[PDB]
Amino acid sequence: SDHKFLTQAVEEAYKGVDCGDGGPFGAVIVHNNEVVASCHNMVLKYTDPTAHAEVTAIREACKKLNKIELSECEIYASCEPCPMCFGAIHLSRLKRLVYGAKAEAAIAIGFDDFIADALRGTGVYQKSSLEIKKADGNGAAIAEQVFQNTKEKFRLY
């Protein structure tokens, strides 16, 4: 289960940078092993700084399911979600988050040092009880390599 959908999110990241749609980030939203949305970062295509992969997937899933809560769904993120996307994941009531690469791997290629306190458990005000899994082993090593692999293929934003 987790390897397959994490891998799908990684493939979306590569697809989006190759499309020119946005940065190397992918996200896949799954409903009891059925894929609901499979998206990548669309900031450049949409001229929308909120159109991260995770936000785009949530928007698409909710529209497809005619529901604003995704409480029976899980989300696979190629990279650790940022504070905005972690907030979106919270609001959408997704029940589980699996992510591949740590935020540091994106920051290593120039992305903003912009990390979600609530994901890392470092907040005073914002807490999370969302079930969160940081992948390890194979899928994770693949996910971490995305940023070195796509560095020269898109413009930072």
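Note that residue numbering begins at 1 and tracks the sequence as displayed. Under this definition, the rigid core comprises the largest set of C-alpha atoms superposing within 1.5 Å between the forms.
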Next item on the list: Find the stretch among 40 to 48 and 121 to 129 with the larger RMS C-alpha deviation in 7 other deposited structures of this protein, all structures being superposed on the shown form by the rigid core.
Entry: 121 to 129
Notebook entry, point to check: Say the other structures are aligned on the rigid core; which stretch then has the higher CA RMS in 7 other deposited structures of this protein, 145 to 153 or 15 to 23?
Noted result: 145 to 153
Checklist line | Higher-B stretch (mean Cα B-factor, as the entry records it), 106 to 114 or 22 to 30 | finding: 106 to 114
Checklist line | Of 127 to 135 and 86 to 94, the stretch whose C-alpha atoms average the higher B-factor in the entry | finding: 127 to 135
Check: Among the chain's modelled residues, which third holds the C-alpha B-factor of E69?
Finding: highest
Notebook entry, point to check: According to the PDB entry, is the CA B factor of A9 in the bottom, middle or top third of its chain, that is, lowest, middle or highest?
Noted result: lowest
